[PDB]
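**Q** Taking PDB author numbering, I'd label the letters of the sequence shown as residues 842 to 858, 861 to 1130.
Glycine included, C-beta positions come from ideal geometry on N, C-alpha and C.
Have a look at this one.
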Amino acid sequence: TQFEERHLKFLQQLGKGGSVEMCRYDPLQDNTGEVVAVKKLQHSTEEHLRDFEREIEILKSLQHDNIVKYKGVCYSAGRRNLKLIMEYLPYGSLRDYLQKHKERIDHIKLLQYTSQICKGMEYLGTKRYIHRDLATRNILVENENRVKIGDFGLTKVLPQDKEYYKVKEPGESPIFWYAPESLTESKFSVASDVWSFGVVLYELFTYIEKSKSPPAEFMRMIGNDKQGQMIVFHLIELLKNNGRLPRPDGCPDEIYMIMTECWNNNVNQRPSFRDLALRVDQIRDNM
Ligand SMILES: C[C@H](Nc1cc(-c2c(N)nn3cccnc23)ncn1)c1ccc(F)cc1
């Protein structure tokens, strides 16, 4: 079913990454239409538009309880700019949600969120997609009991004959979530996503405390005097030498062990998302 641009009523800006807005799709013009989330490009050039259409095809191919729902696309006349229409997830970003309710979210709830992120990622892998940007900033909360992976802007499809994707000219790079091989060789795979997942687990159990964030902690370890390209250089050498993020205060042993397993320099030794979801669900059952 189609979405007429004239009937999308702006309500509120939700966030920037392009941008995401809260809109009411109101063709009856009586303010009773559905509230949706709309993603559009800030700078809709020819290369970005091509990348955005691929992102849209990726999201449309995905149907999982822990992946934000695709609703449709809005086309503009002439130049062919695109708006991606998604379900509105009313509790917002996990990052803000956890910052707002801090420790009032207990470990068993955090593990319910962990399990769901794991399941969404495992599914993504069966499609041979690499997310590349797994972080709490890309997770949304539908309700108290359900989170969803909510943005796929950096997602690549693996080539048929390879188990990695090599990025030739990197743009946006969340280096503090990157596996060593991604920093050194710009190589991305299911194993690099698992590394990133360990960082997500660190994020949840620090309750996204500002001074404990991955950027804060890694900068401390390499020295706050490191700048620009030198950060990447020193980060690589630190990770090669087993410098890791510390255990979050109050974090259960069995969860901290999962993080450190994800952060294995040896790509082949990192666990699979299938094995992670089983392990996490066993922890929850024990508790
Ligand atoms: C950058 C963007 N920021 C948002 C987004 C939303 C939001 C929402 N409430 N529902 N929804 C549905 C699809 C996309 N975004 C959303 N809420 C708050 N902040 C952002 C975009 C995707 C992410 F995964 C995270 C943040």
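1) Can you grab the Cα-Cα spacing for the pair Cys1094 / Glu1046, in whole Å?
2) Within 7 Å: the Cβ of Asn981 and any heavy atom of ligand 1?
3) Cα separation between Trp1020 and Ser1039?
4) Mark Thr1027 as exposed unless 16 or more other C-beta atoms lie within 10 angstroms of its C-beta, in which case mark it buried.
5) List the endpoints of the continuous beta strand (DSSP E) containing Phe851.
6) Please determine whether the Cβ atom of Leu1121 lies at a distance below 7 Å from any heavy atom of ligand 1.
7) Closest by CA to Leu855, which one among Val1033, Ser936 and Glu987?
8) Please report the distance separating the alpha-carbon of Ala880 from that of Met865.
9) Quick one: is residue 859 buried, meaning 16 or more other Cβ sit within 10 Å of its Cβ, or exposed?
10) Where does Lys1030 fall in DSSP's three states?
11) Residues in the same chain with beta-carbon distance under 6 Å from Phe995, minus the five sequence neighbours each way, listed in chain order, please.
12) Pair every Cβ in the stretch 930-948 with every Cβ in the stretch 978-985, then say whether three or more of these pairs are closer than 8 Å.
13) By how many angstroms is the C-alpha of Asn1085 removed from the C-alpha of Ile951?
14) Going by the beta-carbon positions, is the gap between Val878 and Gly993 smaller than 8 Å?
15) Once the 5 residues before and after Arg971 are set aside, which same chain residues still bring their CB inside 8 Å of it?
16) Using 8 Å as the cut-off, can you tell me whether the stretch 1066-1081 makes contact with the stretch 957-967, which would need three or more C-beta pairs spanning the two stretches below that distance?
17) Starting from the C-beta of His1077, find all residues in its chain whose C-beta is less than 8 Å away, skip the five residues before and the five after it, and write them out in chain order.
18) As a quick exercise: from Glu946, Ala978 and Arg1090, pick the residue whose alpha carbon is nearest that of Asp1036.
**A** Checking against the coordinates, here is how it stands:
1) Residue numbering aside, residue 1094 sits at position 251 when the sequence shown is read from its first letter. Residue numbering aside, residue 1046 sits at position 203 when the sequence shown is read from its first letter. Near 11 Å, if we compare the C-alpha coordinates of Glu1046 and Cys1094.
2) Position 138 of the sequence shown, counting from 1, holds the residue named residue 981. Checking the Cβ of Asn981 against ligand 1 gives yes.
3) Your numbering for residue 1020 matches position 177 in the sequence shown. Your numbering for residue 1039 matches position 196 in the sequence shown. C-alpha separation (whole angstroms): 5 Å.
4) Your numbering for residue 1027 matches position 184 in the sequence shown. Result: exposed.
5) Position 10 of the sequence shown, counted from the first residue, corresponds to residue 851. Following the DSSP letters along the chain, one finds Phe851 inside the beta strand (DSSP E) bounded by residues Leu849 to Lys857.
6) Sequence index remark: in the sequence shown, residue 1121 carries index 278 (1-based). With a cut-off of 7 Å, the C-beta of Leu1121 is classified as distant from ligand 1, since no heavy atom of the ligand falls inside that distance.
7) What you label residue 855 is simply residue 14 of the sequence shown in a count that begins at 1. Taking only the C-alpha atoms, the option nearest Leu855 is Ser936.
8) Numbered from 1 along the sequence shown, position 37 holds the residue referred to as residue 880. Numbered from 1 along the sequence shown, position 22 holds the residue referred to as residue 865. Distance between the alpha carbons of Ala880 and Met865: 5 Å.
9) Here residue 859 is not present, the numbering of the chain passing from 858 to 861 in one jump.
10) The residue given as residue 1030 occupies position 187 in the sequence shown. Note: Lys1030 maps to strand in three-state DSSP.
11) The count along the sequence shown starts at 1 and reaches residue 995 at position 152. Contacts found: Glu898, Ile901 and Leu902.
12) yes
13) Along the sequence shown, read from residue 1 onward, the residue named residue 951 stands at position 108. Along the sequence shown, read from residue 1 onward, the residue named residue 1085 stands at position 242. If you take the alpha carbons of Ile951 and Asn1085, they lie about 29 Å apart.
14) The count along the sequence shown starts at 1 and reaches residue 878 at position 35. The count along the sequence shown starts at 1 and reaches residue 993 at position 150. Result no, Cβ atoms of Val878 and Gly993 do not sit closer than 8 Å.
15) Looking up residue 971 in the sequence shown gives position 128. Result list for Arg971: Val1000 and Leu1001, in chain order.
16) no
17) The residue given as residue 1077 occupies position 234 in the sequence shown. Within the same chain, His1077 has close Cβ partners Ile1065, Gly1066 and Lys1069.
18) Start at 1 with the first residue of the sequence shown, and residue 1036 comes out as number 193. Considering only alpha carbons, the answer is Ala978.
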